[PDB]
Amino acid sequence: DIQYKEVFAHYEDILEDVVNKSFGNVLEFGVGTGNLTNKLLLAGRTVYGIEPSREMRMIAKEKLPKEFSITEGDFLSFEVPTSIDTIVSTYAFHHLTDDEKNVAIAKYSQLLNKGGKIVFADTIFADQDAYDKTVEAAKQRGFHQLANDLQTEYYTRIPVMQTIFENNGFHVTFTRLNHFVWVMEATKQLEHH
């Protein structure tokens, strides 16, 4: 894992940052092994989990308190908890093509109330140059699995994500927490219905 040493740099701080920007009922996508949830629960937040992988939902049910709800849905198809104030996820949104990312945001815009937020932490790039330069660096070093990841998954650019959020009624702010990851804080501008 020397290859992902930088990708996960400040991992904890990253979850911390997402936690500190969330309130009320939290809907988490891509629960994985429950690391984000864990800090979300510690922070006294009310959380509802979503994770397609049964393999993952298990490990999380293991670490998290019992009773914790975690359905088998995903970013686009999932159970709506009830009243959502903020939607979160870390290291997951890139599993969606840019078109799907737009459907997702369009859908969260439809569910959240004025003032509702979307806080996602994920690997994303400033521009095409920053990306190609990162893919090369990974090649430069012996990082072959990482270079594959970068050209396989659907990582995108900050400006693209910028347009999607705003096109769907959001005002978003980007804060870099490491060379790969950035935290995007989005707040819904207008009210529902």
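We number the residues from 1 along the sequence you see.
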Fill in the blank from the handout: The stretch whose C-alpha atoms carry the larger average B-factor in the entry, 52-60 or 30-38, is 52-60
Exercise for the section: Higher average CA B factor in the deposited record is what I'm after, so tell me if that's 67-75 or 92-100. Expected result: 67-75
Problem - C-alpha B-factor winner, where the candidates are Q110, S83, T86, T123 - result: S83
Completion exercise
Tertile call for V181 (CA temperature factor, within chain, third-based) is the lowest
Fill in the blank from the handout: Chain-relative C-alpha B factor for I158 (record values, thirds): the middle
Exercise for the section: Could you say whether, by C-alpha temperature factor, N168 belongs to the lowest, middle or highest third of its chain? Expected result: lowest
